[PDB]
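Structural features, examined
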2 protein chains.
Amino acid sequence: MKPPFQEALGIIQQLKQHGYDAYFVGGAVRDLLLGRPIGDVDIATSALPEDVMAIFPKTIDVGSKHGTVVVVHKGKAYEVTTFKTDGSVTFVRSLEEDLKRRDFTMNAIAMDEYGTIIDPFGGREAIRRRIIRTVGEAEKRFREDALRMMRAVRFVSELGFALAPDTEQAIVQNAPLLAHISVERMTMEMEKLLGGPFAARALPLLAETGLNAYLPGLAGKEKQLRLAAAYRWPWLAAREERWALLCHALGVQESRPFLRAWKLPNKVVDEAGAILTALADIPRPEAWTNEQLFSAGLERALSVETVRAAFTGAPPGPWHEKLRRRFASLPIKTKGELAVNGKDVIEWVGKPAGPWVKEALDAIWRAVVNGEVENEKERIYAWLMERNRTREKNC
Amino acid sequence: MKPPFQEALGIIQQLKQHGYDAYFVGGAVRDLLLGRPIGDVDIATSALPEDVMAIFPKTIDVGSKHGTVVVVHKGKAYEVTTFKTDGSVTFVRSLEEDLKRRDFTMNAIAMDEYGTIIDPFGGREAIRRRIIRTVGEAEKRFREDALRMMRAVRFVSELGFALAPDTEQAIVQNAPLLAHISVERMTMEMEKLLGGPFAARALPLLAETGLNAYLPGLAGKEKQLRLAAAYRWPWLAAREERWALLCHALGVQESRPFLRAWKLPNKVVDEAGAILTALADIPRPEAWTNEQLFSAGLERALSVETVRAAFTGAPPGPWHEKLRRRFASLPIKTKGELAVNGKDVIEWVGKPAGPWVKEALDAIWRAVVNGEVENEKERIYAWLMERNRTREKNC
Ligand SMILES: Nc1ccn([C@@H]2O[C@H](COP(=O)(O)OP(=O)(O)OP(=O)(O)O)[C@@H](O)[C@H]2O)c(=O)n1
Ligand SMILES: Nc1ccn([C@@H]2O[C@H](COP(=O)(O)OP(=O)(O)OP(=O)(O)O)[C@@H](O)[C@H]2O)c(=O)n1
Ligand SMILES: [Mg+2]
Ligand SMILES: [Mg+2]
Ligand SMILES: [Mg+2]
Ligand SMILES: [Mg+2]
């Protein structure tokens, strides 16, 4: 018994004692078998949501309308699912009926409270061979939930399996069915695919399969995707950095309309382009400017070089480290640090409050930062004063 | 800082550091103030669901569509809710806007990471006085969510507060609006109200208010409800035992159609009647019969006397203890224990398999139980054999 399932063993036990019968199901079994780090432990039972909400103290009702209940056990969250037949939903007592409904074979395994692998679908084979195959006709299943395709391809990104000949085919043939699946749902899938350790050949595949030109803004970029192979994807740390390079390697013009089609939250689509930009503007890592760094702010700066990295081949290590230095020597690091107040500039140049004031301070920080004038009140005063009679001699 | 919030303090802290601002909200504050045992710790913040899913590792998405996110922290489950205005939902930054939307004042409190109570609605007053008052016009709020009434009455059950004159009034005037709220939702509320420590005057109130005759099967039972006052509700330990007595004191004829209207699960409505029945059939605690006990099975037996208790005044203590003895002396306690097999009765009376067989075994347990014949094979054989030539001499 692996500690993953060890603590999770209770869930089963209590479900068995109340005469219910339960199994470990899903990837957790796969990962265990495959020999991956074990993800979410998932548990499937013949006990109805209501029976599970009676047995366990903490019970979160996520969607008792389609089988699942989240059971807080011993300080974790496990997803217990009453066996079902994907028709509304129909609940059975046949575990075999349940496995029978899942996307692919690697997923359709189950292990008993004792540790005996229950594989009525050749999951065990699939894994040794490392192949994503459909549970039943690949055709019928994609008709049963089109999204099942995207993920067949994400799995390729996430595990590094190959697709099954008849399964892959089925995708190109049934490609259209995607436009029927909500964008929201497509995005989360794209966003895991992207973080694959095999992303590199997931994306291309996304193309060789019919799947391209049904996903947001991925019309006819076939060439771009296949090429995407050389990108060091897996050193991208973050979602932004992800979307970031994804754009770049598509060559995507305006990041904003694109990432928005993907129904991504603003804060990403904003910081997305943020970096996409700083990247175009700075073509070289040595070229970062005390101004520019201050402007983008450490975190983003680094993320820039890490995207750059994923494009170049050049390890970001040293740059990250040079930026981290520079940024902690920038005589200020935010605008709020500026020893001098917007009101100070008014009482100083004897003008009414207005538009000029911004431009003033605008050019004061760019002075403090580039080390031109200190960040003390007195000196910035003279600095301002003495640069205003300069703007009289010049015109 | 009370331990409840102590561990929960982290949730706030990390939401503050990422510049977000959060508060403890809800009954947890009420309970703390009131000086009750502290229930669910709840947290409200300006950070959107997505921001909360980014910051914390474990993040359960219960309904990010209306603000709430369940954040698993340090081994518990806390509900973080992005401030909102109950219009679809609109998210703000104003905590004051958030409090302003909640049902009643006791609930509309908030405490900061430091321990400073934030009461912009006189919750603190309401609690000292022990009064359930509406946050704003009692009228408008019941139009905003009719169910708010049921609970204004359950709260009476739960805490032992009185209703505010203008609030109580508003209920009778706006009584009708209930039929618009899903039964499912009414039941859960009734199911808490019933377990109230003040249940006794909650039920009556449920009547003096317009609330009666909008709840399942509670048409015109006004008299029955008011009388319901004398029942020792609070010693009812279980759901069944609850519905059980509720039926009884309403005098409800057929339990089955009634409890079912409440959209209660079967296993309850079944065990519900179960007891309701055993109760009508056995009018006296001394009258339990080795048969009857074996038949209902300890647990339910006790439950029966516990309901009887809630009706009589007589403490179940002794009976429960007498039952628990008798039942562990019953020479068998289930039907599966019977040393004699249905197949044994066939190969013994030389008849084909059929309906008589049940009737045979049926009268064998009742013979093993009442201590008439042993629960060994040999002796039951004889016992059966010698009672079949008895049924020849008799007719
Ligand atoms: N379109 C989908 C998506 C998922 N599943 C099923 O839902 C379970 C859990 O879903 P998921 O979160 O995707 O976990 P796994 O598919 O098991 O793999 P992973 O945990 O890496 O996502 C799986 O066992 C799978 O059979 C499905 O039948 N159809
Ligand atoms: N119809 C409802 C039901 C609940 N609430 C709000 O949702 C929050 C949590 O709901 P609940 O689980 O009922 O907790 P409390 O009302 O605070 O009290 P208790 O924990 O005893 O149920 C509360 O702060 C309350 O203001 C609401 O505004 N309208
Ligand atoms: Mg888990
Ligand atoms: Mg999973
Ligand atoms: Mg809790
Ligand atoms: Mg609560």
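Residues numbered from 1 in each chain as written, not as in the entry; some residues may be left out. Chains lettered and ligands numbered in written order. Heavy atoms only, no water.

If you tally the helices and strands in chain A, you get 21 helices and 11 strands. For 395 residues, the compact-globule formula gives about 21 Å, and the C-alpha radius of gyration of chain A, at 28 Å, lies well above that figure. Summing over all exposed atoms, chain A offers an accessible surface of approximately 19,400 Å²; the carbon and sulfur share of this is 50%. Distance between charge centroids for chain A: 2 Å, based on 56 positive and 52 negative side chains. (Helix = DSSP H or I, 4+ residues; strand = E, 2+ residues; numbered from the N terminus. Rg over C-alpha atoms; globule rule 2.2 N^0.38 Å. Areas by Shrake-Rupley, 256 points an atom, 1.4 Å probe, with all protein chains shown as cover. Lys, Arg positive; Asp, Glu negative; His and termini not counted. Charge placed at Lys NZ, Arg CZ, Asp CG, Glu CD.)

Quick look at the site of ligand 2 now. Residues and elements named next belong to chain B. Around ligand 2 sit 13 residues in total, of which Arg30, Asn107, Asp145, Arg148 and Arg154 are the nearest. At a separation of 2.8 Å, an oxygen atom of ligand 2 approaches a polar side-chain atom of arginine 30. For ligand 2, a nitrogen atom lies 3.2 Å from a polar atom in the side chain of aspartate 103. For ligand 2, whose unbound accessible area comes to 560 Å², protein coverage reaches 73%. Its residues assigned to classes, the shell around ligand 2 shows 1 nonpolar, 3 polar and 9 charged. (Near = heavy atom within 4 Å. Polar contact = N/O pair within 3.5 Å; in protein donor to acceptor, adjacent residues only side chain to side chain. Nonpolar A, V, L, I, M, F, W, Y, C, P; charged D, E, K, R; others polar.)

We now examine the interface of chain B and chain A. When the parts of a complex come together, some accessible area is lost, and that lost area is often taken as the interface size. Tallying the contact residues gives 11 residues for chain B and 11 residues for chain A. The interface formed by chain B and chain A includes 4 salt bridges. Our count for the chain B to chain A interface comes out at 2 residue pairs in polar contact. At 3 residues, the largest contribution of residues to the side of chain B that touches chain A is made by strand 3 (residues 59-63) of chain B. Grouping the constituent residues of the side of chain B that touches chain A by class yields 5 nonpolar, 1 polar and 5 charged. (Contact = heavy atoms within 4.5 Å. Salt bridge = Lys/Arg side-chain N within 4 Å of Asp/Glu carboxyl O.)

Through backbone hydrogen bonds, the strands of a sheet pair up, either in parallel or in antiparallel fashion. All names here are of chain B. One open sheet holds the 6 strands; their spatial order is 3-4-5-2-1-8, and the pairing between them is mixed. Each end of this open sheet is capped by a strand with a single partner; those strands are strand 3 and strand 8 (110-111). Alignment of strand 1 (residues 22-25) against strand 2 (residues 42-45), held across 4 bridges, turns out to be antiparallel. Bridge pairing in strand 2 places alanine 22 opposite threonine 45. Sheet contacts for helix 1 (residues 3-17): strand 1, strand 2, strand 4 (68-73) and strand 5 (76-82); angle to strand 1, the most-contacted strand, approximately 150 degrees. Across the sheet, helix 2 (residues 27-34) touches strand 1, strand 2 and strand 8, and the angle it forms with strand 1 is around 60 degrees. (Pairing = 2+ DSSP bridges. Axes fitted to C-alpha atoms, helices over the stretch in contact; angles between N-to-C directions.)

Below, the discussion takes up the site of ligand 1. Residue and element names in this part refer to chain A. Near ligand 1 there are 13 residues, and of these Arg30, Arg102, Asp145, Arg148 and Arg154 occur at the shortest range. Between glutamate 158 and ligand 1, the recorded distance is 3.3 Å, taken from a side-chain N or O atom to an oxygen atom. Protein chains bury 73% of the 550 Å² of accessible surface belonging to ligand 1 in isolation. Only helix 2 (27-35) and helix 7 (148-158) provide two or more residues apiece to the shell around ligand 1. The element that contributes the greatest number of residues to the shell around ligand 1 is helix 7, accounting for 5 residues. Broken down by class, the residue content of the shell around ligand 1 amounts to 1 nonpolar, 3 polar and 9 charged. Three or more residues apiece are contributed to the shell around ligand 1 by two domains, here domain 1 (1-135) and domain 2 (136-231). (Domains from an automatic or database assignment.)

Once that is clear, we can look at the pattern of salt bridges. Residues and elements named next belong to chain B. The final tally for this structure, using the stated rule, is 62 salt bridges over all chains. Between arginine 185 and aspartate 145 there is a salt bridge whose closest N-O contact spans 3.3 Å. Note that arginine 185 is positioned in helix 9 (residues 183-193) and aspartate 145 in the loop between helix 6 (138-144) and helix 7 (148-158), a separation of 40 residues in sequence. Owing to a relative accessible area of 33%, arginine 185 belongs among the partly exposed residues under this scheme. The shortest N-O distance in the salt bridge between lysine 263 and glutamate 184 comes to 3.6 Å. (Buried < 20%, exposed > 50% of the residue type's maximum accessible area, 1.4 Å probe, protein only.)

Residues and elements named next belong to chain A. With respect to the element layout, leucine 293 can be found in helix 15 (residues 290-296). A residue is classified by how much of its surface remains accessible, and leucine 293, at 0% relative accessible area, is buried. Each C-alpha atom of the pair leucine 293 and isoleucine 117 lies 55 Å from the other, and the pair is 176 residues apart in sequence. Once you skip the residues sitting within four places of it in the chain, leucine 293 turns out to touch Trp288, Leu298, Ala301, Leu323, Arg326, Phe327 and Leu330.

Aromatic ring pairs are defined here through the distance separating the ring centres and the angle between the ring planes. Inspection of every chain in the model, using the stated rule, returns 18 aromatic pairs over all chains. Ring pairing ties together the aromatic residues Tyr231, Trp233 and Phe311 of chain A, which thus form one cluster. Here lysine 322 of chain B stacks its cationic end above the ring of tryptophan 319 of chain B, 4.8 Å away from the centre of that ring. Over the ring of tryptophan 356 of chain B we find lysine 351 of chain B; its NZ or CZ atom is 4.6 Å from the centre of that ring. (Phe/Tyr/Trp six-rings, centres within 6.5 Å; stacked < 30°, edge-to-face > 60°. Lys NZ or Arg CZ within 6 Å of the ring centre and 35° of its normal.)

In this section: the environment of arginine 101 of chain A. Residues and elements named next belong to chain A. Tracing the sequence through the fold places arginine 101 in the loop between helix 4 (95-99) and strand 8 (110-111). With relative accessibility at 16%, the residue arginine 101 sits in the buried group. Sequence separation between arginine 101 and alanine 238 is 137 residues; the distance between their C-alpha atoms is 34 Å. Filtering out sequence-adjacent residues up to four positions away, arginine 101 remains in contact with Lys84, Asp86, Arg141, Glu144 and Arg148. Within polar-contact distance, the side chain of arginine 101 engages the side chain of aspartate 86 at 3.4 Å.

Residues and elements named next belong to chain A. Direction vectors running N to C along helix 19 (residues 355-368) and helix 20 (residues 377-388) enclose 120 degrees, while the axes themselves pass 11 Å from each other. In terms of orientation, helix 19 lies oblique with respect to helix 20. Helix 19 and helix 20 meet at a crossing whose hand is right-handed. Along its contact with helix 19, which presents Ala363, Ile364, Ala367 and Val368, the element helix 20 presents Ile380, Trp383 and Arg387. Looking at side-chain class alone, the contact of helix 19 with helix 20 contains 6 nonpolar, no polar and 1 charged residues. (Parallel < 35°, antiparallel > 145°, perpendicular 65-115°, else oblique. Left-handed = near helix turned anticlockwise from the far one by under 90°.)

Looking at chain A, the domain boundaries give domain 1 (1-135), domain 2 (136-231), domain 3 (232-331) and domain 4 (332-395). Domain 1 of chain A and domain 3 of chain A are separated by 40 Å when their C-alpha centres are compared.

Moving on: unusual backbone geometry. All names here are of chain A. Of note in this structure, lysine 74 is not a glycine but carries a positive phi near 50 degrees. Within the fold, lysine 74 resides in the loop between strand 4 (68-73) and strand 5 (76-82). Residue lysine 74 is classed as exposed on the basis of its relative accessible area, which comes to 62%. Even without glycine at this site, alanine 213 takes up a positive phi of about 70 degrees. Among the structural elements, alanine 213 can be located in the loop between helix 10 (202-208) and helix 11 (222-227). On the basis of relative accessible area, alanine 213 is assigned to the partly exposed category, the value being 38%.

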